[PDB]
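Q: For reference, the file coords.pdb (PDB, N, CA and C atoms) is included below:
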ATOM      1  N   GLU A   1      -0.421  -5.012 -12.352  1.00  0.00           N
ATOM      2  CA  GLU A   1      -1.654  -4.510 -13.003  1.00  0.00           C
ATOM      3  C   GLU A   1      -2.266  -3.378 -12.186  1.00  0.00           C
ATOM      4  N   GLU A   2      -2.911  -3.737 -11.086  1.00  0.00           N
ATOM      5  CA  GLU A   2      -3.574  -2.766 -10.231  1.00  0.00           C
ATOM      6  C   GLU A   2      -2.597  -2.182  -9.236  1.00  0.00           C
ATOM      7  N   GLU A   3      -2.460  -0.893  -9.338  1.00  0.00           N
ATOM      8  CA  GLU A   3      -1.482  -0.156  -8.629  1.00  0.00           C
ATOM      9  C   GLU A   3      -2.076   1.022  -7.936  1.00  0.00           C
ATOM     10  N   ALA A   4      -2.643   1.841  -8.763  1.00  0.00           N
ATOM     11  CA  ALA A   4      -3.105   3.143  -8.372  1.00  0.00           C
ATOM     12  C   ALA A   4      -4.604   3.129  -8.337  1.00  0.00           C
ATOM     13  N   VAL A   5      -5.081   1.963  -8.685  1.00  0.00           N
ATOM     14  CA  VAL A   5      -6.451   1.703  -9.041  1.00  0.00           C
ATOM     15  C   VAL A   5      -6.779   0.363  -8.435  1.00  0.00           C
ATOM     16  N   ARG A   6      -5.982   0.054  -7.448  1.00  0.00           N
ATOM     17  CA  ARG A   6      -5.930  -1.237  -6.831  1.00  0.00           C
ATOM     18  C   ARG A   6      -6.972  -1.244  -5.753  1.00  0.00           C
ATOM     19  N   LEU A   7      -7.355  -0.032  -5.586  1.00  0.00           N
ATOM     20  CA  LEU A   7      -8.218   0.490  -4.605  1.00  0.00           C
ATOM     21  C   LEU A   7      -9.564   0.839  -5.206  1.00  0.00           C
ATOM     22  N   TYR A   8      -9.575   0.734  -6.496  1.00  0.00           N
ATOM     23  CA  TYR A   8     -10.765   0.863  -7.289  1.00  0.00           C
ATOM     24  C   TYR A   8     -11.145  -0.495  -7.758  1.00  0.00           C
ATOM     25  N   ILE A   9     -10.170  -1.164  -8.315  1.00  0.00           N
ATOM     26  CA  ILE A   9     -10.343  -2.491  -8.765  1.00  0.00           C
ATOM     27  C   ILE A   9     -10.810  -3.379  -7.659  1.00  0.00           C
ATOM     28  N   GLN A  10     -10.527  -2.983  -6.444  1.00  0.00           N
ATOM     29  CA  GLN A  10     -10.942  -3.750  -5.309  1.00  0.00           C
ATOM     30  C   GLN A  10     -12.465  -3.719  -5.142  1.00  0.00           C
ATOM     31  N   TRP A  11     -13.027  -2.722  -5.776  1.00  0.00           N
ATOM     32  CA  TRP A  11     -14.461  -2.432  -5.821  1.00  0.00           C
ATOM     33  C   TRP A  11     -15.098  -3.207  -6.937  1.00  0.00           C
ATOM     34  N   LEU A  12     -14.349  -3.245  -7.996  1.00  0.00           N
ATOM     35  CA  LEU A  12     -14.718  -3.813  -9.214  1.00  0.00           C
ATOM     36  C   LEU A  12     -14.566  -5.314  -9.110  1.00  0.00           C
ATOM     37  N   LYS A  13     -13.814  -5.672  -8.109  1.00  0.00           N
ATOM     38  CA  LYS A  13     -13.562  -7.062  -7.772  1.00  0.00           C
ATOM     39  C   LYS A  13     -14.429  -7.500  -6.611  1.00  0.00           C
ATOM     40  N   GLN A  14     -14.816  -6.510  -5.834  1.00  0.00           N
ATOM     41  CA  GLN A  14     -15.788  -6.658  -4.741  1.00  0.00           C
ATOM     42  C   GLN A  14     -17.068  -7.352  -5.194  1.00  0.00           C
ATOM     43  N   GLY A  15     -17.261  -7.400  -6.492  1.00  0.00           N
ATOM     44  CA  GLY A  15     -18.492  -7.878  -7.063  1.00  0.00           C
ATOM     45  C   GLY A  15     -18.847  -7.030  -8.248  1.00  0.00           C
ATOM     46  N   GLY A  16     -18.143  -5.909  -8.359  1.00  0.00           N
ATOM     47  CA  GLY A  16     -18.336  -5.030  -9.465  1.00  0.00           C
ATOM     48  C   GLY A  16     -19.367  -3.979  -9.179  1.00  0.00           C
ATOM     49  N   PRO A  17     -19.457  -3.005 -10.061  1.00  0.00           N
ATOM     50  CA  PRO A  17     -20.506  -1.992 -10.069  1.00  0.00           C
ATOM     51  C   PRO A  17     -21.869  -2.656  -9.988  1.00  0.00           C
ATOM     52  N   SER A  18     -21.894  -3.824 -10.587  1.00  0.00           N
ATOM     53  CA  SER A  18     -22.959  -4.794 -10.485  1.00  0.00           C
ATOM     54  C   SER A  18     -23.488  -4.959  -9.058  1.00  0.00           C
ATOM     55  N   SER A  19     -22.577  -4.964  -8.091  1.00  0.00           N
ATOM     56  CA  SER A  19     -22.921  -5.223  -6.700  1.00  0.00           C
ATOM     57  C   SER A  19     -23.690  -4.050  -6.109  1.00  0.00           C
ATOM     58  N   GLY A  20     -23.689  -2.941  -6.832  1.00  0.00           N
ATOM     59  CA  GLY A  20     -24.341  -1.745  -6.358  1.00  0.00           C
ATOM     60  C   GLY A  20     -23.363  -0.790  -5.715  1.00  0.00           C
ATOM     61  N   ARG A  21     -22.087  -1.152  -5.737  1.00  0.00           N
ATOM     62  CA  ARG A  21     -21.057  -0.327  -5.170  1.00  0.00           C
ATOM     63  C   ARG A  21     -20.775   0.887  -6.040  1.00  0.00           C
ATOM     64  N   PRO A  22     -20.520   2.025  -5.399  1.00  0.00           N
ATOM     65  CA  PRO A  22     -20.131   3.261  -6.050  1.00  0.00           C
ATOM     66  C   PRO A  22     -18.687   3.238  -6.554  1.00  0.00           C
ATOM     67  N   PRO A  23     -18.474   3.385  -7.866  1.00  0.00           N
ATOM     68  CA  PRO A  23     -17.134   3.463  -8.439  1.00  0.00           C
ATOM     69  C   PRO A  23     -16.279   4.556  -7.807  1.00  0.00           C
ATOM     70  N   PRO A  24     -15.165   4.151  -7.182  1.00  0.00           N
ATOM     71  CA  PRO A  24     -14.128   5.054  -6.671  1.00  0.00           C
ATOM     72  C   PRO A  24     -13.223   5.510  -7.777  1.00  0.00           C
ATOM     73  N   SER A  25     -13.829   5.495  -8.911  1.00  0.00           N
ATOM     74  CA  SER A  25     -13.194   5.756 -10.186  1.00  0.00           C
ATOM     75  C   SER A  25     -12.279   6.983 -10.137  1.00  0.00           C
TER      76      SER A  25
END
What is this file in structure tokens?
A:
Amino acid sequence: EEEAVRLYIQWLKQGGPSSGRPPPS
């Protein structure tokens, strides 16, 4: 699934944009 975005999803999994984290989108 997460490959190239595994490093983004890690953010989105970090707690999500919800957490206040900046999307490495």
Q: So how far away is atom N of residue A:25 from atom N of residue A:2, in Å?
A: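 For atom N of residue A:2 relative to atom N of residue A:25, the distance reads 14.5 Å.
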Q: So which bits of chain A end up helix (DSSP H, G or I) when you DSSP the backbone, as a PyMOL selection string?
A: chain A and resi 9-12+17-19
Q: Check what the PyMOL selection byres (((chain A and resi 23 and name CA) around 9) and name CA) selects in the file above and give those residues as a list in words.
A: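 In the shown coordinates, the PyMOL selection byres (((chain A and resi 23 and name CA) around 9) and name CA) covers residues 8, 11, 12, 16, 17, 21, 22, 24 and 25 of chain A.
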Q: One decimal, in Å: what's the spacing between atom C of residue A:13 and atom N of residue A:1?
A: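 Between these atoms lies a distance of 15.3 Å.
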